[PDB]
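Chains as they are written, first to last, in PDB author numbering: chain P, 1 to 214; chain E, 1 to 214; chain N, 3 to 319; chain M, 3 to 319; chain B, 3 to 319. Think of the CB as a built atom: it goes at the ideal place given N, C-alpha and C, for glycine as much as any other residue. Data block below; observations after.
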Ligand SMILES: [Mn+2]
Ligand SMILES: [Mn+2]
Ligand SMILES: [Mn+2]
C-alpha cells in the first residue's frame, strides 16, 4: 500500500508566479504517476500524464517532473481558474494509492471574521428543540475554533463546525458553530456565549446573549 | 523524518509461543536499528542491538532480523515478565525517529466489566461541585465507550476516560468515566445514566440512578 | 554431466512490459528455492548474481516504442552475461523479468552457438515491429530484432545498435500461441516459420507436437536448443500471476512435458523463464501456484524428469 | 464469406429443464458482447431478435413428461425461425435456453438441408423417451424426437404433432458423454450410433477423435454440419454455472478445439449454445468464467481460430 | 584529450561509516549537475551507472571491525569496475559514499598502473588496522589494506580475501591531516610516509606544499597520480555536511588549488570524492555549500582551472 505523501498540504498563492507542488512515494514509482485537478464537486481531470508531457487539452503551464521517488507539479502561469484540490496518484504498484490533498486557495490580505450568536425560535420552542448557533463570516484564512458555554461552562455533542470553499469575489471563508440542545436545557440558562478565535483576532472574539434578552 | 511504522499496534499473546513483531521503514535503514522493552514508568532497556545479535544481559529468546526495510522482533519463549510497550527505533538517518507502540498484553478469556454509576457527595455539595462518575471494573479487552445523559440527553466536556495497565493477577482492565458538573446542574436533574459498551456486553450496559434516590 | 550444469542469471527488469512488479521475478523464484530444488539431482549450480539495471532517466520514447533505451541496454548487458555463462560451458538459466530480455538471451547464446534453435513457448508470438505494433511495449518485440530475414526493415530504435539478428526464420518453433495481433501473424506466415499453436497442439497431441518439433529442429542435424519459455503460455488456471493472462493455454502437465522432451534430447543449451509477476495474483495462493509451476517447469527442463532422476550407485544397500 | 455469416437467434426458454433461470441465457451472452466479439473478423452478423415464448397456463403434464406443450410450441416456433435464417443463407446461431429447443433447431436446419449431421457435444446423450425416462424433463429428450429409426415408438405427446424425425442414427456423433441413464445407452448401442465419449476422447486424443468424427460424417460425402453444443459438456472447473454439472468434462482447450475443427472443414451450417445459466454460479466469478467460456466457444465456431484470423490486405503498411 | 576524459562511477555505499545517509552521495552530486558542469570544457563524459550494493544480512562483526563483508564485497566490485574504466583509458571519477570504497578504488587503479601515487587529502590518515583501531569502522581503514609494508600483519577479515596491498609507503602523500588517533601516526612515522599536514601546509604555504608533493611523487619519475579526496579535509565552514567534521581544515581556495596542481601535471589518472553526506547539514544551505564545493573541486580536478579553460578556435569572430 505505498503511501503517497503530498508535502504541500494546503496552498494559498496569488494569481501570479510558480506554484511548485511536491508528492513523495514510499518506494520507487519511477515516472509512473499523474496529476489531477479536482474542482469541488467535479471531475478530477488529468493534468500531467506520466510524470511529465502534459496531456491532451492542457493549457500551457502545467509542466512537472519526477523519476522516481519525490515528484513535482509546477503551476508556472498560475491562472486563477486553477484553484482546486490537487492530487498526485501513484500507479504502477497495486493497490494504486493516492495523495492526500493539495487545496490551492487564493492568497489575499487576511480578513477578520464577523461573529455573532443566535438563539432558538419560539417556532422551534413550539416544536420542542434548542439550536443555538453562532455564525462566522468573511474571514481569511480558514482556521477558527469556536467555544460554547452553559452560562460559563463549556459545551459539546451538539457543536458542529462546517466550512465552505473560498469565495469567488471577496475570497473569504465560512463557519457556523452548529450546536443543538433541548428546550429544557434552553430554558434553564440565559447567558449563551460564542468565543471565536481567528489569526486576525488578537483577542478571542466573544459574542453572547441572554435568553429572554432578544 | 523517516516514519517508523510498527505493524502490530497492540499485542495480546499468552505465556507461550513466538510473538514475532513488525517494524517498517519509509527508507532503507539497512540493519541500523534496535528494539526496546519499555515497562510502564521504567527504563526502556535495549533488547536487540543492530537488527540482530542480542546485547549484553539479554536472556535467551530475543532474536530478530531485518536488513533493510521491514524488520522483525521475535519473542520465541514468551516469558510473561516481558509484557511491555515495545519500540523499534531507526537510527542511521537524522532525526532518528521511533516506532509507534507495541503494547504486549496478556491473552486471556474475555472478562465482562462490572459497571455502576456514582453521585456527588453532600460534602461535595457543601463545596458546590458536581462529579458524577461511573466506575468500570475487571474487563478484557480494553475497549469500552461510556455515554452519559442529562436525564436522557447526552453529556461531554466533563467526561474523562482513564485506563490502567493490565492487572498482575487476574489480568483485567480499567475505566472511570470521570465526569464533572456543577451543583446547579446537579440539582436540576435526577435520572443520571451510565451506558457501558464492551465486547462481552452484547447489550450496552446501562446503569442509572435518580438524584435523591440513594 | 553435460546437461544439468546450470548458470543462473537473475534479471529483475520491467521496462519492456507496462505492469510494474515483474522485477520481483528472480527474488520470488529464488525464495521458492529453485537453487536447492535443483541440487538433489546432479545440478552443477553456480549463481552469477543479479544483473544491475541502471535507470536512464531521459529514456525518451520512440513513435510508438516506449522505454526503448533501458530495454536495449539491459539486453546488451544480458547478451554479454549470457555469452559469459555459455563460455563457462553451462546451460544459461536466465530468468526475469520480461521477454524484452530474451533479445540478449538469444543473442549471447548465438555468440557461442550461431546455429541454435528457439522454442518460443508463449501465448503470443512477440514478433511485433517498432513500426507496426500498436503498443510499443518491448515485452512483445524480441523476436523481430533477432531474425535475419527481417533485416533492413527494423528501425534503428536507440539502445539496439548492438543488435545483430542472429537466428533464421526456419530455425524457430512457436508452441502454444493463443492470441496474436495481425502484424505478427503476417510475419509468421510470410517467413514460413514452423509453429504449433494450441490448434496444432490439440491436433497432433502434445507428444506428436514435440515429436514433430524435434523432427523440425533436430531432424536435420543435432544443434543446441534454446527453450525460451513464457509462463502465460500455460493456462491461467495454473499461472494467473502473470503479466498478460490469456485463457486457453497449455495444461501444466504439457508444459512440464515440453521441458522434458527438450531434456531427453540431451541438447538443452539455454533457458528463459519470463513474465513471472507475484504482484498480480489476486490471492497469494494464486502467486503460490504460479511460482511453484514455474519452479517445477525449470526443474523438468534440467532433468527433474517425472519418470525419475538418480545417482548411479546401488540403493539396495 | 460462406462461413462466418451469422444469424443470431436468442431463445430464452426454460420449461424443458427444471432449474428456472436459463431464460437469462441470451441476455447474458449478448451483454458479454458476443455480437461485437464476432465483428472483428468478417462476421456478417444479423440479429433477428429474441423469440416470444407464450405461456400456456394449462400445460397439463403427460404421464412422466411435464411442461410438454410449451416445449413443443417453442420448438415449432424455433423450427420456423431456423428455417427462415437458413433460407437467409446464414449459419444459424441459436442460443438459449435448454436442449428442448434443439428439436426445432435441428428440424428447421433439416428443412433446408435434409442430409446434415449432428455433433451433439454434451455430458449426456439427451435421448430419453417420453415412456422410458424417469424425469420427464424435455431438456433431455430432443434427440429421441429426431431420429427416423425411432418412429412408430415415440408417443404423441402434445405439442409435438409437427415433429418429423429428420436425421439418421448413423448421421449423429456424440462427443464428450459422461453420464448416461440406461435407456439412452440401449438406444445408443442398438442404433449403432457412432460416439466418442470421454473414454474414446482420451483414447484417441481429442484430435484423432475429431479426425475420426469428420471421417465418419464427412468421410463419405461433404454435407452440412450442425454442432449442437452443451456447456456442461466441458468440465465444471470452467463452466460451473450450468444446469446439470457433471465432473469429468472436456477441457476448455478441447472444447475450443472441437469448434475449430468444425470451422476448418468450412462446412459449419448450424450452431446451438444451450444450458447457459447465470443463476446457478455460486459466485459471479463462476458465472463470468462460464459465460466467457461459452462466448469464446461461439467465437471459435465461426472462425475466431486460435491460430489467427485476418483481413486480406498487407499489414506492413 | 588525454586528461579530462572521464568515467563516472557512482557508488552509494555506507556500511564502512556509521552515519547512514552518505548513500545519497552520487544522487546529490549528479542532481547538482556534475556531468553537465564538466561538459563545457572538453570532458569526454561517460556515465557507467551506479554500482549495485547487495545486502549481506548476516554480515556478522569481527572483534572490533563491524560490517566487514559488505565493505569487502563493495570494494571488490569497485576494484573490478575501476579496472574496467581504466582499461577504457579514462580517468576514474569514483564518487560515493565513504573511504571504505577507496580500497578497490586504489586497487583497480593499480591493476592497470602498479606504480601510481596516492594523494590522500583527508582530515584523517584513515590507516587504522583491524586490530589496533577502537572503532572498527571501515571508513577509516582503507590505507592499511593497501600498503605492501603492512603485509603479514593485517588480519584475514572476511570480504578482504581479494585484497592485495598494491602501493608503497614511500608512494603516498597525505595532505591536510588534522585529527589522528595514535595507531595511525605510529604507522605514519615508522613507514617513513611523506606527509604535509596543516602544520606543514601552513609552513611552506599551500603552493610550496604542492610543489614538494609533486617533487616527491613526480620528481623521481613521471607516473599516474590518484587523488583520493575527502570532503571533510576542507574546513567545515565550507563543508559542514560531512560525516566526521573536524575544524581547522583547508580553505576552499586551497582545496581547489591542490586539484589544479594535480591537473597541471597532466597526469591525473584517478579521482575519489568521498564522505559527501546531505543528511547531516543542519540547514539545506549547509548542504548546498558542501555539494557546490565538492562539485567545483571535481571540476578543478579535470581542468576546470580557475585561470580559464578554452576550445582552440579564434573567439574574435
Ligand atoms: Mn505472454
Ligand atoms: Mn448436458
Ligand atoms: Mn576524514
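{"Asked": "Which listed residue (N/34, N/123 and N/272) has its alpha carbon closest to that of residue 112 of chain N", "Found": "N/272"}
{"Asked": "Cβ contact (3+ pairs, closer than 8 Å) linking the stretch 138 to 158 of chain E and the stretch 172 to 180 of chain E", "Found": "yes"}
{"Asked": "Below-8 Å beta-carbon distance, residue 236 of chain N vs any chain M residue", "Found": "no"}
{"Asked": "Contacting positions in the stretch 44 to 57 of chain N - beta carbon closer than 7 Å to chain B", "Found": "54 and 56"}
{"Asked": "Segment limits, alpha helix (DSSP H) that includes residue 51 of chain B", "Found": "Segment 46 to 52 is the beta strand (DSSP E) holding residue 51 of chain B; no alpha helix (DSSP H) there."}
{"Asked": "Check: residue 125 of chain N C-beta below 7 Å from any heavy atom of ligand 1", "Found": "yes"}
{"Asked": "C-alpha gap between residue 105 of chain P and residue 204 of chain P, whole angstroms", "Found": "25 Å"}
{"Asked": "Residue-chain proximity (residue 128 of chain N, chain M), Cβ-Cβ < 8 Å", "Found": "no"}
{"Asked": "Contacts around residue 48 of chain B, its chain only, beta-carbon distance under 6 Å, and the 5 residues preceding and following it disregarded", "Found": "9"}
{"Asked": "Environment of residue 163 of chain P [buried if 16+ CB atoms lie within 10 Å]", "Found": "exposed"}
{"Asked": "Under 9 Å by beta carbon: chain N residues contacting residue 93 of chain P", "Found": "22, 23 and 281"}
{"Asked": "Nearest-angstrom Cβ-Cβ length linking residue 216 of chain M and residue 235 of chain M, presumed shorter than 8 Å", "Found": "Not a contact, Cβ separation roughly 18 Å."}
{"Asked": "Cα-Cα separation, residue 2 of chain M to residue 163 of chain M", "Found": "Because chain M is modelled from 3 through 319, residue 2 of chain M falls outside the range shown and cannot be assessed."}
{"Asked": "Complete runs of the alpha helix (DSSP H) confined to the stretch 250 to 299 of chain N [at least 4 residues]", "Found": "254 to 266"}
{"Asked": "Buried versus exposed, by CB contacts within 10 Å (16 or more), residue 87 of chain P", "Found": "buried"}
{"Asked": "Under 7 Å (Cβ pairs) to chain N, residues found in the stretch 196 to 226 of chain M", "Found": "207, 208 and 209"}
{"Asked": "Beta-carbon separation (whole angstroms), residue 18 of chain P vs residue 76 of chain P, contact threshold 8 Å", "Found": "5 Å"}
{"Asked": "Beta-carbon proximity check, residue 104 of chain N vs residue 246 of chain N, cutoff 8 Å", "Found": "no"}
{"Asked": "Endpoints, beta strand (DSSP E) assigned at residue 204 of chain B", "Found": "Counting along the chain, residue 204 of chain B falls outside any beta strand (DSSP E), though it belongs to the alpha helix (DSSP H) covering 200 to 206."}
{"Asked": "Closer than 7 Å: residue 135 of chain N CB and nearest ligand 1 heavy atom", "Found": "no"}
{"Asked": "Inter-residue spacing [alpha-carbon to alpha-carbon] between residue 152 of chain E and residue 183 of chain E", "Found": "19 Å"}
{"Asked": "Residue nearest to residue 207 of chain P in terms of C-alpha spacing, selected from P/125, P/117, P/131 and P/190", "Found": "P/117"}
{"Asked": "Any C-beta of chain P under 8 Å from that of residue 150 of chain E", "Found": "yes"}
{"Asked": "Local conformation of residue 303 of chain N per DSSP, three classes", "Found": "helix"}
{"Asked": "Residues within the stretch 58 to 87 of chain E neighbouring chain B, beta-carbon criterion of under 9 Å", "Found": "65, 66, 67 and 68"}
{"Asked": "Neighbouring residues, chain N, relative to residue 308 of chain M (Cβ below 7 Å)", "Found": "180, 199, 200, 201 and 250"}
{"Asked": "Any beta strand (DSSP E) of 3 or more consecutive residues that is wholly inside the stretch 164 to 190 of chain E", "Found": "174 to 178"}
{"Asked": "Segment contact, 8 Å Cβ cut-off, at least three pairs: the stretch 271 to 287 of chain M with the stretch 17 to 26 of chain M", "Found": "yes"}
{"Asked": "Ligand 3 heavy atom lying under 7 Å from the CB of residue 246 of chain B", "Found": "yes"}
{"Asked": "DSSP three-state assignment for residue 72 of chain M, whether helix, strand or coil", "Found": "helix"}
{"Asked": "Residue-level contact to chain P via CB, residue 2 of chain N, 8 Å cutoff", "Found": "The question about residue 2 of chain N has no answer, for chain N in this structure spans 3 to 319."}
{"Asked": "Three-state secondary structure assigned by DSSP to residue 189 of chain M", "Found": "helix"}
{"Asked": "Option in B/18, B/274, B/187 and B/303 with minimal Cα separation from residue 63 of chain B", "Found": "B/18"}
{"Asked": "Three-state secondary structure assigned by DSSP to residue 232 of chain N", "Found": "strand"}
{"Asked": "Inter-residue CB distance, residue 84 of chain M and residue 11 of chain M (contact presumed, cutoff 8 Å)", "Found": "7 Å"}
{"Asked": "Beta-carbon neighbours of residue 194 of chain N, restricted to chain M and to distances below 9 Å", "Found": "Within 9 Å Cβ-Cβ: nothing; residue 194 of chain N doesn't reach chain M, min ~15 Å."}
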